[PDB]
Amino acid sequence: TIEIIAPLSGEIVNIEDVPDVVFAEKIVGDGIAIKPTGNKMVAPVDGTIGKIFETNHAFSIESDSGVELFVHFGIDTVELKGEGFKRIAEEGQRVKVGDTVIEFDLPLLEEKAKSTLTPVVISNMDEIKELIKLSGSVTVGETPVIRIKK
């Protein structure tokens, strides 16, 4: 196995429960969603940061193990135009579990974003034999959220 650690704290929610078609319908990948309860978006895997949305609310990352994931803060967050998010990492940077990628203002975003539901999805499902989704409360950079068999 490969294990995916929480990129942010909160409660695990099912992907299907996110009020967005692209995510609920697994169009991008399968995974879990987290209802945030904190203030930083950390690396869930050991690897290399891929992309960082100019609005700083989403990023990708490819693990050393060949796992490609995408983390997206909230639904329609692009509206905020960047407000509420501070980018700590750089596209390309090599990181380790627990490493800070983005810092965010939870109370602001919470009052001005359609949703704070954060999808954590596996972009390369086809490389994926088994996907196990855990549940419950998770804490940033520690608690495992998903387990995959390559």
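A residue's number is simply how far along the shown sequence it sits, counting from 1.
Stretches 57 to 65 and 25 to 33 differ in mean C-alpha B factor, with the higher average recorded for 57 to 65. Looking at mean Cα B-factors across 11 to 19 and 125 to 133, the upper value is held by 125 to 133. Comparing the C-alpha B-factors of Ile102, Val45, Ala113, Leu106 in the entry, the top value falls on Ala113. For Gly38, the recorded CA temperature factor ranks within the lowest third of the chain's modelled residues. Annotation for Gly84: CA B-factor lies in the highest third of the chain's modelled residues.
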